[PDB]
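# quick check, what structure comes out for this input:
(4 chains, ligands or ions: 2)
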Amino acid sequence: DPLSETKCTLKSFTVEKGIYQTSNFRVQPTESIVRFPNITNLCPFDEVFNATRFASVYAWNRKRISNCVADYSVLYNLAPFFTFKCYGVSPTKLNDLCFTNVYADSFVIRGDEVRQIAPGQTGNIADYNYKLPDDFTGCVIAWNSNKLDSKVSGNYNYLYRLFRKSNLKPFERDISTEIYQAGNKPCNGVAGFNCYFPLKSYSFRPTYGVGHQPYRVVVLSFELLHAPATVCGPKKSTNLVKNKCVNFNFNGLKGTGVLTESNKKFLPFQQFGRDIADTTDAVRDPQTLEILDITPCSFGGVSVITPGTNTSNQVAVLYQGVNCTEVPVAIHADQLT
Amino acid sequence: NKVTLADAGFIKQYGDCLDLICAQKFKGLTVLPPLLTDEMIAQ
Amino acid sequence: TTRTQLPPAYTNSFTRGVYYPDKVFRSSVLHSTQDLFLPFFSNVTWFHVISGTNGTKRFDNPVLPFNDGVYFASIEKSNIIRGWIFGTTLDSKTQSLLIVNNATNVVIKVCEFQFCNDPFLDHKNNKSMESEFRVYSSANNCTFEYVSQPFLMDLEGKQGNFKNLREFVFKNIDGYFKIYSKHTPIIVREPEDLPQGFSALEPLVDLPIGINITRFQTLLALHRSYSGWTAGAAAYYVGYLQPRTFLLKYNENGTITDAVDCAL
Amino acid sequence: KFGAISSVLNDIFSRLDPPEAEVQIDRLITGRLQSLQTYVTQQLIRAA
Ligand SMILES: *[C@@H]1O[C@H](CO)[C@@H](O)[C@H](O)[C@H]1NC(C)=O
Ligand SMILES: *[C@@H]1O[C@H](CO)[C@@H](O)[C@H](O)[C@H]1NC(C)=O
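Numbers count the residues shown, from 1 in each chain, chains lettered A, B, ... in the order given. Ligands and ions are numbered 1, 2, ... in the order given. Next up is the structure itself:
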């Protein structure tokens, strides 16, 4: 009761006359609603990565993923090719998240230096051709080919990034070719000043039973959220609830508030609303178009008035800055305390 | 009239709150009304 | 033809080069943004597409490097300029883009084409499937296609006496292409300078292709002299973009009525 | 940002694992606490 709350907050068994601040009241959400875009087609992953010989190490191919529903439990359960070390992603929350413009790439490497050429760390191939940002949103997956995908007859297959003068521009291939340049002018015809071809030195034999394994790598790019999302996770969507402090999950924008009609003159491209204080007060439906307002439900402070413990135990409660009708005591269904 | 350019707001009943006081209020920044009113002060 | 060179000139840009930088709607707020924009009162080249030498084709399609952005504009009375070909070296070995206005579609063709020395089109369709597609003859490999309603909604069928004020900004970054267009009627017939007035360049469509472009080329439509290929008069403006810091003032309608930079 | 990854609690929670999200939230907590103590100190020095 208010007397017990005041005694607890005052750390005493006796309370003198006066008014005291104890805690605050708020309205808890009664339900949750999810509004998500509807996508019929399933997102192609096995047919875009699990395939024949991948792109060259120097010239890696980029595959694009958009307008699809992507599930990652299939790759989680699919066989060896383990690792999947997400730098800034929870590995179990990919399905929940709805992504934007996922870009797929094909890599081929030796495998003996995968640890050093791993993204986020400097390595031989990393300093040769491919550079990655300090923290890319995507995840790196190494496909450890054990027996079948390892070539045992072809001595070349896919070449190796043998040499490169310096690291290339960010997110660029290594189409660079021709002969090595010696210190005293570039050499001519190998025999001049020991020209070395900067590639073709993959050279793994079947007798090379101890030298690495094919470690094909895929890297994705996502997490923009400024534009409307394209690749959305496989989650159900339910009907929206208006004029209620409800848990909304509009296209991943999870939050609690009272949803009401909005008169905002949203331009056709504009998707999200905001206010002065960097708060999304409006939202656009990822379903049938409807501009919707966002407003958190009521809350305020609670003050306790007592005439003194010795005088009486009768107390009075003042609710701060709230109209009486909107917040009576007979609404104790989701109110605090 | 001269000083009423900036004020507390003259309303704290939240009924009109659905745009400056409300933005701060939604971040839990309240204003408590003074004990004495202008009528008493003028008296 | 054996046309001669022309000296490019410049004119004042006044208050131009404003587009919506963010998708979030806001009204009655003074937000400051840091992005690439046209500095106020900057030099802009204003190539005049006039019938060269009273009926001789001119090479008014310079190979202009793209750098970081463009401000292609038009004070054309009619529709004479179509084509915004981009390319690293403008050959069949480099992936190139083009924005045509054939019929009522844009045809955003992302492929490699062999390009003629002087690519041009015909404003009037040929009599009896027209031979206008002489800008390229061969196409090897194709990646992306986009067909939709034409990027020019302006019609001259109403009447004359009013020219167009088509405005365009082509922005490419980190494998994306954003277009911002806006048209207004013009009152004064003088084409020397753009009217002094604020304009907002609303985004139209985002293209996601990540082709590397180091040059810009435009095309013209010259159906027939009615010797050589020529048409009426035209004029377009070319201006580059650089990063800046700007302040925007959204109105009660939520639109940007004016903008103020922070370095002028 | 206060040196964090994101200023949104839901974003920093769903986009991060527990063992790093704890210090992620801690940094923002410390920054906002510094802001609050500075503000209340200014309030006192003005009430002076
Ligand atoms: C800018 O234009 C003015 C007038 O047209 C000219 O005098 C000046 O040389 C130009 N400067 C540049 C850098 O184009
Ligand atoms: C813009 O705001 C004005 C004044 O608030 C209003 O009269 C008008 O209807 C709004 N919309 C447009 C398109 O002008």
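# state the distance from the residue of the stretch 1-150 of chain C found nearest chain D to chain A.
Of the residues in the stretch 1-150 of chain C, the one nearest chain D is residue C:24, at a distance of 14.1 Å by Cβ to the nearest Cβ. Yep, even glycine has a C-beta here, placed from its N, CA and C like the rest. Separation of residue C:24 from chain A (Cβ to the nearest Cβ, to the nearest Å) stands at 5 Å.
# quick one, what contacts that residue?
Applying Cβ atoms under 8 Å, 6 or more residues apart in numbering or on different chains to residue C:24 gives the contacts A:270-274, A:280.
# do the same with residue A:69
Listed by Cβ under 8 Å, 6+ apart, the contact set of residue A:69 reads A:39, A:41-43, A:231-234.
# with residue A:106 instead?
A:49, A:54-55, A:60-63, A:216, A:218.
# if we use 7 Å, what do you get?
Contacts for residue A:106 (Cβ atoms under 7 Å, 6 or more residues apart in numbering or on different chains) come out as A:54-55, A:60-61.
# count of neighbours near the residue of chain B found nearest chain D?
Scanning chain B for the residue nearest chain D gives residue B:29, at 10.1 Å (criterion: Cβ to the nearest Cβ). Around residue B:29 sit 9 other residues, with neighbours defined as other Cβ atoms under 10 Å in any protein chain shown.
# what does stretch B:33-40 rub up against?
With Cβ under 7 Å, 6+ apart, stretch B:33-40 has contacts from residue B:12.
# over to stretch C:32-49?
Residues contacting stretch C:32-49 (Cβ under 7 Å, 6+ apart): C:8-17, C:21, C:60, C:68-69, C:71, C:80, C:171, C:220, C:233-239, C:241-248, C:261, C:264.
# which of the contacts of residue A:69 count as buried?
Buried residues within those, counting neighbours by 16 or more other Cβ atoms under 10 Å in any protein chain shown: A:39, A:43, A:231-234.
# for stretch B:20-30, the distance to its chain's centre please.
How far stretch B:20-30 lies from its chain's middle: 11 Å, per Cα atoms, centre = their mean, to the nearest Å.
# buried sites along that stretch?
Neighbour counts using 16+ other Cβ under 10 Å place B:21-22, B:25-26 of stretch B:20-30 among the buried residues.
# is stretch D:13-31 anywhere near chain A?
Yes: counting by Cβ under 7 Å from any Cβ of the partner chain, chain A has neighbours in stretch D:13-31: D:14-17.
# give me the subset of those that lies in strands.
Applying DSSP state E to these, no entry is found in strands.
# so which of those belong to helices?
Mapping these onto helices (DSSP state H) picks out residue D:14.
# dump the residues of stretch D:13-31 next to chain A to a markdown table, plus distance to chain B and neighbour count.
Putting these into a markdown table (distance: Cβ to the nearest Cβ, whole Å; neighbours: other Cβ atoms under 10 Å in any protein chain shown) gives the following:
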| residue | distance to chain B | neighbour count |
| --- | --- | --- |
| D:14 | 23 | 17 |
| D:15 | 23 | 20 |
| D:16 | 24 | 21 |
| D:17 | 29 | 16 |
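# now the residues of stretch D:13-31 next to chain A as a markdown table including distance to residue A:137?
Converted to a markdown table, the residues of stretch D:13-31 next to chain A look like this (distance: Cβ to Cβ, whole Å):
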| residue | distance to residue A:137 |
| --- | --- |
| D:14 | 13 |
| D:15 | 9 |
| D:16 | 12 |
| D:17 | 14 |
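# relative to residue C:142, how far out is the residue nearest to residue C:192 when sequence neighbours are not counted?
The spatial neighbour of residue C:192 that comes closest, neighbours along the chain excluded (Cβ to Cβ, 6 or more residues apart in numbering or on different chains), is residue C:11 at 6.7 Å. As defined by Cβ to Cβ, to the nearest Å, residue C:11 lies at a distance of 40 Å from residue C:142.
# of those two, who's got more company?
Per other Cβ under 10 Å, whichever of residue C:11 and residue C:142 has more neighbours is residue C:11, with 14 against 11.
# my guess is that one meets residue C:193, correct?
Yes: the pair residue C:11 and residue C:193 qualifies as a contact (Cβ atoms under 7 Å) at a distance of 5.4 Å.
# of the contacts of residue A:106, which count as buried by neighbour count?
Among the contacts of residue A:106, the ones that count as buried by 16+ other Cβ under 10 Å are A:54-55, A:60.
# out of these, which comes closest to chain D?
Using Cβ to the nearest Cβ, residue A:60 is the member of these that sits closest to chain D, with 26.5 Å.
# who touches the closest one in this structure?
A:105-107, A:173.
# could you do residue C:74 as well?
C:81, C:164, C:166, C:236.
# please, where are all the strands along the stretch 1-150 of chain C?
Using DSSP state E, counting those that start in this stretch, the strands of the stretch 1-150 of chain C run over C:10-12, C:30-37, C:43-45, C:48-49, C:73-74, C:95-96, C:108-115, C:120-121, C:136-146.
# just curious, which of the buried residues of stretch B:20-30 is nearest to chain C?
Within the buried residues of stretch B:20-30, the smallest distance to chain C is 14.1 Å, found for residue B:22 (Cβ to the nearest Cβ).
# what about the closest residue to chain C within chain B, neighbour count?
For chain B, the residue closest to chain C is residue B:19, as judged by Cβ to the nearest Cβ, at 8.3 Å. The local packing of residue B:19 (other Cβ under 10 Å) involves 11 other residues.
# if we can go back for a sec, most neighbours, which of the contacts of residue C:74?
residue C:164 (23 neighbours).
# can you put the contacts of residue A:106 in JSON lines and add distance to residue A:251 and secondary structure?
What follows is these, written out as JSON lines (distance: Cβ to Cβ, whole Å; DSSP: H, G, I helix; E, B strand; the rest coil):
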{"residue": "A:54", "distance to residue A:251": "34", "secondary structure": "coil"}
{"residue": "A:55", "distance to residue A:251": "33", "secondary structure": "coil"}
{"residue": "A:60", "distance to residue A:251": "32", "secondary structure": "coil"}
{"residue": "A:61", "distance to residue A:251": "30", "secondary structure": "coil"}
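# give me the buried positions along stretch A:260-275.
Using 16+ other Cβ under 10 Å as the test for burial, stretch A:260-275 gives A:262, A:264, A:266-267, A:270-275.
# how about it and chain D, touching?
No: figure legend: stretch A:260-275 not in contact with chain D (Cβ under 7 Å from any Cβ); closest approach 12.6 Å.
# export the contacts of residue A:106 to TSV and append columns for distance to residue A:120.
What follows is these, written out as TSV (distance: Cβ to Cβ, whole Å):
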residue	distance to residue A:120
A:54	22
A:55	22
A:60	17
A:61	22
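# wait, which of those is closest to chain B?
Ranking the contacts of residue A:106 by separation from chain B, with Cβ to the nearest Cβ as the measure, puts residue A:60 on top at 47.3 Å.
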